[PDB]
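Here's the structure, in structure tokens; my notes come after.
Laboratory data are not the source of any read-out in this text; all were calculated from the coordinates shown. Ideal geometry is used to build each Cβ from the backbone, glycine not excepted, and the neighbour counts take in all protein chains shown.
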Number of protein chains: 2
Amino acid sequence: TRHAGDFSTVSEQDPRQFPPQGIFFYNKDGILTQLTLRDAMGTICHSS
Amino acid sequence: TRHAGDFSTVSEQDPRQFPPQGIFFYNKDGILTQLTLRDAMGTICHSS
């Protein structure tokens, strides 16, 4: 982390250390959308 | 460290303090390439 104390929480285990599962980006109109790992279920949970 | 708390790692042992074994730089096109110690094998692991 670039500086000590950034994005701190009040838990006992900082949730940022756990591996990521989604990704955030902006829509056509500047709207925050998300895309997690279960969206790939229609691709990796197939007979192929 | 110019400022106490910079590049703070949550781990118990700061990996920044060990001796370095590589070096980073930029390509012709501005792409981050690396050059590690094991690349000197063809030179220092010779018969000469």
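What to note about this one:
- With q set to 0.30 Å⁻¹, the log10 of I(q)/I(0) for chain A, from the Debye formula over equal scatterers at the Cα positions, is -1.06.
- Each copy carries a label point for residue B:33 at 7 Å from Cα along the beta-carbon vector; from one copy to the others these points are 3.8 nm apart, nearest first.
- Of all beta-carbon atoms in chain B, the one sitting closest to the axis that brings chain B onto chain A gives B:5, 7, with the distance in whole angstrom.
- Pairwise label distance in nanometres, residue A:37 with residue B:4, each label 7 Å out on the Cα-Cβ vector: 3.9
- Part-to-part distance (alpha-carbon centres) for chain A and chain B, which is given in Å: 29
- For residue A:22, the distances from its label point to the matching points in the remaining copies are 3.2 nm, ordered from shortest, with each point set 7 Å beyond Cα toward Cβ.
- Chain B, relative contact order [Cα under 8 Å, separation at least 6], %: 22
- For the protein assembly as shown, a/c is not less than 1.5, where a ≥ b ≥ c are the root eigenvalues of the C-alpha gyration tensor, and a/b does not top b/c. That puts it in the oblate class.
- Shortest-first nm distances, residue B:7 label point to equivalent points in other copies (7 Å, Cα→Cβ): 1.9
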